[PDB]
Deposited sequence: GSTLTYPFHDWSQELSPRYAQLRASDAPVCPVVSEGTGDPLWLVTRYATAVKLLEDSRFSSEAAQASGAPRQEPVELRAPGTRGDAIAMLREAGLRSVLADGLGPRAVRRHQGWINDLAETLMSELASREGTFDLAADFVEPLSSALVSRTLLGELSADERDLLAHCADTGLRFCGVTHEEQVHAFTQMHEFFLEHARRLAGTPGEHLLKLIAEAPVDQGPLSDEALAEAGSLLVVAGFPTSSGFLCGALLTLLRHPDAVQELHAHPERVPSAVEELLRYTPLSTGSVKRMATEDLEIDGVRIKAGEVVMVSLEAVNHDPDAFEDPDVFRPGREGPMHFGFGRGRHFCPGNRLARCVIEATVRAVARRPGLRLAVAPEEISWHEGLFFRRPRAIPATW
């Protein structure tokens, strides 16, 4: 009877996750609030590893039109496929995706990324009074990441349109179903008109590499538009949400920032602890059983969908000692912030790059603090990917 999700839109995780984790079942039944579909939910690290490393639990089947789902509307423009990353790997573009997202891309971009983080923070430090870290730091940094490494250079109006589409479509509630569907239509139509132009501009952004890649015909306009929409939904609200949330974590732990100021070699460990500690998605990764399967004794029938809450797994006390403590350099198992298994985040190298640049910018300037109490922060309610409306801050 427990409905999903748990409406924990701020950084305070729903107590339900710890309740289910401690129950006498390794997988617990829930019901989608948005569709009424029955779903399974996993909250334990050990069980999550077993699920996400078993390829008979399929991500593509759980994404497909008509699957039991946690979200109220399908995450695709009506009439399109909506399985972009599979379509691209299918067309044989794994080598291309690695070139635009892997370590070689990080080496191309890390210089200007760190310059931009410093320039943005330096500007804020020159101001008298308070400022807004979301509007004045995260938005320009995440927008530059999307323009320069993924899509090609966007105007402010185009960036605002894509941001609004992502915020409207990637929601559990707070907008009508038809508004949500039309957000995906608008984004698809944007790239039908503009993807070729964006791919043709100078630079090495991923969309250009995709459009220029030989495919055993070259990618059609619809396929390139689905690639554009993928890069927005997977890269934009995730990066902006996480950087906002990571800044809040740092601002609430001045002792840890002071340690990083004195010992910059410890920043990479802080990046990894932020990926474990800072909650991002309010939903779960999910997979469909492609046949009758068993998870730690519980029978999962073919066609049923099993969810894993990455936040729940990242706060599992059997995996991490004192899991609700922000402890850079804790020496436990690998976090689940980027997932697990074959679908591990391919953006993880660029994400780590921008997170590291942000942590270093903060650590160089101790004294940065929230200008309001954490409880006074206002949160966007119903987003898949948590984000505060503003982060008032000052030195």
Stretches with no C-alpha position, numbering per deposited sequence from 1: 1 to 2, 219
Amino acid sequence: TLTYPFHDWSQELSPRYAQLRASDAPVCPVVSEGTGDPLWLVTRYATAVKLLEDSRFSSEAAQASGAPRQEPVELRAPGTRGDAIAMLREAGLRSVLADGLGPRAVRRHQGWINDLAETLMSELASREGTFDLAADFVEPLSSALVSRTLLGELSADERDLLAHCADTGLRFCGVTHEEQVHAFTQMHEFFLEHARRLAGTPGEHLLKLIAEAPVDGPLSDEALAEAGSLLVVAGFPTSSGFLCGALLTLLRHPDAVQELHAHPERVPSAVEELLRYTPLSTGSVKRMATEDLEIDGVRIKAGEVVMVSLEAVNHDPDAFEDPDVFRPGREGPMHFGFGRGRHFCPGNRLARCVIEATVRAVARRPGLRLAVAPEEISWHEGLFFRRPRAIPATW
From here on, numbers count along this sequence of modelled residues.
Given 91 to 99 and 168 to 176, the range whose Cα B-factors average higher in the PDB entry: 91 to 99
Which of 22 to 30 and 38 to 46 has higher mean CA B factor, as the PDB entry lists it: 22 to 30
Selection from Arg287, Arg299, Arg276, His188 [criterion: highest C-alpha temperature factor in the record]: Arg299
From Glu311, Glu304, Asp136, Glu321, residue of greatest CA B-factor: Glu321
Entry-reported Cα temperature factor of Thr358, expressed as the chain third it lands in: lowest
Third of the chain, ranked by Cα B-factor, where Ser65 sits: highest
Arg56 - Cα temperature factor, lowest/middle/highest third of chain: lowest
Within-chain third of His109 by Cα B-factor, per the entry: lowest
Ranked against its chain, the third holding the CA B-factor of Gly203: highest
